[PDB]
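Below is one structure, written out as structure tokens; the observations come after it.
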2 protein chains.
Amino acid sequence: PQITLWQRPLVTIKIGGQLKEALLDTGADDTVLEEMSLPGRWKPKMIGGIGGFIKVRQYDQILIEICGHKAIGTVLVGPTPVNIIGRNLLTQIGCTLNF
Amino acid sequence: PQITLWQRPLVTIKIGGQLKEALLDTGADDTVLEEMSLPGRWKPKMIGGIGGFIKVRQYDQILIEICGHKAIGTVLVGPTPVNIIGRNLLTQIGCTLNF
Ligand SMILES: O=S1(=O)N(Cc2ccccc2)[C@H](COc2ccccc2)[C@H](O)[C@@H](O)[C@@H](COc2ccccc2)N1Cc1ccccc1
């Protein structure tokens, strides 16, 4: 679809069987979701932006469905205030910025 | 143009007669630039990222050119990790997310 930026670009995603709302964030290199249980081994990682860094757990090869589009990629899980879909997954769904 | 997300969506912007690199960021409600001098009075504003909130200075009616597109809007200045062009200016240049 064509998403305007008058409002926050929130989309419904499906991961681990759970439906969540997430922000399409072109400035985010990675995808970070609020605390949740994901299967598999994970690696600790530190990601930061405005306000500083947070410790997250990195899960690789996670299948996510973004607005009906399946994508596979690394997902970070941690105390983020908002679920963020970063570039690692937006590329997979063929998302582009147009103007 | 159509910008893919395989690499960070960095564009050249011109503000205060200088060229700087900024990130086209759909996850940011506002535009925040690294420390710099802008004209006029500023108001205080708190903006939050994944790690918390930071205090920034808000300047209104600032002319900024984003990829040859002139926009005039609110610009925030503060300890941001990178120059971020947010939704307030992205809507001004008619930027949309597509997939
Ligand atoms: O957390 S963020 O700060 N984020 C960081 C991030 C890094 C790695 C993975 C995921 C996220 C970047 C910015 O950080 C960097 C740092 C270095 C390179 C690139 C991006 C993001 O794209 C922005 O969009 C801002 C929102 O900035 C704002 C500016 C003005 C007003 C409001 C917000 N945040 C995301 C965010 C959005 C909404 C709520 C909470 C958090």
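FYI, side chains are in, hydrogens and waters are out, and symmetry mates aren't considered; it's all heavy atoms of this structure. In what follows, chains carry the letters A, B, and so on, assigned in the order in which the sequence lines appear, proteins first and then strands, with residues in each chain numbered from 1.
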Original post:
Looking at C95(B), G52(B), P81(B), which makes the most heavy-atom pairs under 4.5 Å with chain A?
Top reply: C95(B)
**OP:** Go through the atoms of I93(A) and report whether side chain, backbone, both or neither lie under 4.5 Å from a heavy atom of chain B.
**Re:** both
Subject >> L97(B) side, atom CG; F99(A) side, atom CZ - distance, nearest 0.5 Å >> reply: 12.0 Å
Original post:
So, do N98(B) and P1(A) sit near enough that their side-chain heavy atoms are less than 4.5 Å apart?
Top reply: no
Original post:
Should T4(B) and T91(A) count as side-chain neighbours, where that means a heavy-atom distance under 4.5 Å?
Top reply: no
Original post:
Hey, is the main chain of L24(A) close enough, under 3.5 Å, to the side chain of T26(B) for a donor-acceptor pair?
Top reply: yes
**OP:** Return yes when atom NZ of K43(A) has more than 12 non-hydrogen atoms of other residues, nucleotides or ligands closer than 6.0 Å, and no otherwise.
**Re:** no
Original post:
How long is the span from the CD1 atom in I50(B) to the CD1 atom in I54(A), to the nearest 0.5 Å?
Top reply: 4.5 Å
Subject >> Donor-acceptor contact below 3.5 Å, side chain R8(B) vs main chain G27(A) >> reply: no
**OP:** Please look at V82(A) and chain B and tell me whether the side chain, the backbone, both or neither of the residue comes under 4.5 angstrom of a heavy atom of that chain.
**Re:** neither
Original post:
Which region of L23(A), side chain (C-beta onward) or backbone (N, CA, C, O), has a non-hydrogen atom less than 4.5 Å from a non-hydrogen atom of chain B, or is it both or neither?
Top reply: side chain
Subject >> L10(B) versus chain A, the contacting section by heavy-atom distance below 4.5 Å >> reply: neither
Original post:
Near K20(A) NZ, under 6.0 Å, is it more than 12 heavy atoms from other residues, nucleotides or ligands?
Top reply: yes
Original post:
Could you give the distance from CZ (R87(B)) to CD (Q7(A)), rounded to the nearest 0.5 Å?
Top reply: 7.5 Å
